[PDB]
Amino acid sequence: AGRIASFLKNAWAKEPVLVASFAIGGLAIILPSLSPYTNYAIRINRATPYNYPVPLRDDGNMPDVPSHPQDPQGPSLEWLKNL
Amino acid sequence: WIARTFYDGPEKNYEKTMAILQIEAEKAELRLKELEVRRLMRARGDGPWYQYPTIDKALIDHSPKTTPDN
Ligand SMILES: CCCCCCCCCCCCCCCCC[C@@H](O)O[C@H](CO[C@H](O)CCCCCCCCCCCCCCC)COP(=O)(O)OCC[N+](C)(C)C
Ligand SMILES: CCCCCCCC/C=C\CCCCCCCC(=O)O[C@H](COC(=O)CCCCCCC/C=C/CCCCCCCC)COP(=O)(O)OCCN
């Protein structure tokens, strides 16, 4: 405790560059595992349509698949609009 | 006395020789059969031996590929 604090105080003097670099690197490593918006970023990446959405062959047993784009069935991007 | 104390009868050696001959004959025919089986398997490749690997078909992606003609 005291030794660690003394070492940090000594490093903060005459060596600020290394302390700042290590602090920034440690924060960059640690914080993403705690930030809740990384899931939002993953969802935004997954919600980006790059290819043409190929339609499925309807057989009368697809309740979750919409028949038209304006139909309520299917994923919604209202959360992205609200961001 | 010498025959009774130190040696046995002829039938012992006779039957031991017969057993040894049978064992060696089966071994020889098995060796010939193994050589022939190896030759046929390597020439054809329809047996469990000499099965060289091929590309696994589970790696193939069966999905739409941004282009109808694959
Ligand atoms: C008046 C006599 C005239 C004739 C004299 C004949 C002399 C004979 C002595 C020479 C013996 C050597 C011939 C055979 C020796 C080894 C053969 C071996 O197969 O026999 C073994 C037996 O042989 C004896 O154990 C060893 C012979 C040694 C005795 C010689 C006497 C002098 C030796 C000196 C020792 C030193 C002592 C210390 C000195 C200071 C076990 O037999 P086994 O494989 O089961 O047979 C199975 C069949 N059965 C079931 C019918 C039995
Ligand atoms: C865990 C995260 C890792 C990733 C982050 C790091 C990214 C890149 C930063 C490091 C780059 C390379 C660093 C190499 C370190 C070498 C140090 C060294 O040998 O220098 C010593 C001297 O350096 C030292 O004093 C030792 C290291 C200094 C302390 C290092 C920081 C330790 C931790 C501090 C931060 C702790 C966490 C943040 C708390 C701050 C509050 C938020 C000799 O100095 P000379 O240049 O030779 O001068 C001789 C002539 N006078």
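Definitions and limits used
- Residues numbered from 1 in each chain as written, not as in the entry; some residues may be left out.
- Chains lettered and ligands numbered in written order.
- Part of a larger assembly, values for the part shown.
- Heavy atoms only, no water.
- Near = heavy atom within 4 Å.
- Areas by Shrake-Rupley, 256 points an atom, 1.4 Å probe, with all protein chains shown as cover.
- Nonpolar A, V, L, I, M, F, W, Y, C, P; charged D, E, K, R; others polar.
- Polar contact = N/O pair within 3.5 Å; in protein donor to acceptor, adjacent residues only side chain to side chain.
- Buried < 20%, exposed > 50% of the residue type's maximum accessible area, 1.4 Å probe, protein only.
- Helix = DSSP H or I, 4+ residues; strand = E, 2+ residues; numbered from the N terminus.
- UniProt positions renumbered as here; feature names shortened; annotations may be inferred.

**Student:** Requested: an account of the site of ligand 1, with residues and values cited.
**Tutor:** Residues and elements named next belong to chain B. Surveying the vicinity of ligand 1 reveals the residues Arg-4, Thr-5, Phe-6, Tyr-7 and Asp-8. Here ligand 1, which alone exposes 1300 Å², has 17% of that area covered by the protein. A breakdown of the residues in the shell around ligand 1 according to their chemical character gives two nonpolar, one polar and two charged.

**Student:** Explain the site of ligand 2 to me, and be specific about the residues and the numbers.
**Tutor:** Residue and element names in this part refer to chain A. Surrounding ligand 2, one finds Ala-11, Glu-15, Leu-18, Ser-21, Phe-22, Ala-23, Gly-25 and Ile-29. One nitrogen or oxygen atom from the side chain of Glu-15 is found 3.3 Å from an oxygen atom belonging to ligand 2. Broken down by class, the residue content of the shell around ligand 2 amounts to five nonpolar, two polar and one charged.

**Student:** Can you explain helix 1 (residues 2–12) of chain A? Please cite residues and give values.
**Tutor:** A small share of helix 1 of chain A lies buried, amounting to one of its eleven residues. Among the residues trailing helix 1 of chain A, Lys14(A) stands out with phi positive, at a value near 65°.

**Student:** Can you lay out the UniProt feature "coiled-coil region" (unreviewed entry) in chain B for me, pointing to particular residues and giving the numbers?
**Tutor:** In this numbering, the UniProt entry assigns the feature "coiled-coil region" (unreviewed entry) to residues 11–43 of chain B. As annotated, residues 11–43 of chain B has a helix share of 100% and a strand share of 0%, and its two end C-alpha atoms lie 48 Å apart.

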